[PDB]
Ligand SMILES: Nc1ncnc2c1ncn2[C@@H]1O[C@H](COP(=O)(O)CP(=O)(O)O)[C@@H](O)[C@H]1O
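Only one chain is included here, represented as structure tokens and corresponding to the form solved without the named molecule.
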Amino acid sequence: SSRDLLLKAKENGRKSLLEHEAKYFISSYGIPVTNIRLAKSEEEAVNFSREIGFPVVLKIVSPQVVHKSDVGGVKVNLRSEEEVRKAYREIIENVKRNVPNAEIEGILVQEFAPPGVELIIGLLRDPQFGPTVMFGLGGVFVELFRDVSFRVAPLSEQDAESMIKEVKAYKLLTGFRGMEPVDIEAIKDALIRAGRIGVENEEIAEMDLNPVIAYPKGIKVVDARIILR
């Protein structure tokens, strides 16, 4: 069961899932994720990156590092094994130098994400209403303008559709200069499933699918955070 990931994390006194575990968990619910492998060796990364196909992105899986980029734990666009290979040591040094307290679960090999329209799907627990799903467009629209919608879970198809249409940046989903309309149905599906994750798993205090890329066909979660309690 995918619940084993939650149990393992609890047993190890951890209060969030590691990035790859979060995506496995999410994926088990039918929410599409960018493909990933956890590299336990310079050799395995380079293979996993050979396997997943190219380019790849590399970053550090550690229970101890949270904002990765400013610690130098994120390397990118690595088409050849050799292109990657320097990155494996490159990040290792950078985290060793700046987080020697940190535990190194391994290095993460991340499949590439063609650009698209970015989205946020969140799950929180409101004291009154319990598991609540939130939606908004990525970048400055959630982060700066706070343009988000909420629905108390479980979500009906009506809930999902209307909360998408509700945000001010909604027209970013229906075609604009240099961007086709994206798969609204696929967004709705993910919103509903996010709500289901909250209703069913009491051990999850919070979830953040950010960023999520919307395409004309399908969506893909690029990064996922799952907080435990």
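Residue numbers here begin at 1 and follow the sequence given.
What comes next is about the form solved in complex with the named molecule, which is not displayed.
K.L.:
Using a 4.5 Å heavy atom cut-off, which residue among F129, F145, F150, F112 comes into contact with the named molecule in the bound PDB entry?
P.N.:
The residue from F129, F145, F150, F112 that makes the contact is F112.
K.L.:
Consider the chain as shown here, without its partner, and state which of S28, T34, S41, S162 has a heavy atom within 4.5 Å of the named molecule in the bound PDB entry.
P.N.:
Contact check passes for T34.
K.L.:
Is there any non-hydrogen atom of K171 lying within 4.5 Å of the named molecule in the bound PDB entry?
P.N.:
Answer no; every heavy atom of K171 is more than 4.5 Å from the named molecule in the bound PDB entry.
K.L.:
Does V222 reach the named molecule in the bound PDB entry, with heavy atoms at most 4.5 Å apart?
P.N.:
Contact check for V222: yes, within 4.5 Å of the named molecule in the bound PDB entry.
K.L.:
Heavy atoms within 4.5 Å of the named molecule in the bound PDB entry: does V57 have any?
P.N.:
Contact check for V57: yes, within 4.5 Å of the named molecule in the bound PDB entry.
K.L.:
Residue-level question: is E105 within 4.5 Å of the named molecule in the bound PDB entry, judged on heavy atoms?
P.N.:
Result no; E105 lies far from the named molecule in the bound PDB entry.
K.L.:
Taking 4.5 angstroms as the heavy atom distance cut-off, pick the stretch from 93-101, 113-121, 80-88, 151-159 that is near the named molecule in the bound PDB entry.
P.N.:
One stretch meets the cut-off, namely 113-121.
K.L.:
Pull the contact list for 200-214: residues with a heavy atom within 4.5 Å of the named molecule in the bound PDB entry, in sequence order.
P.N.:
Read in sequence order, the residues that approach the named molecule (within 4.5 Å, in the bound PDB entry) are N210, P211.
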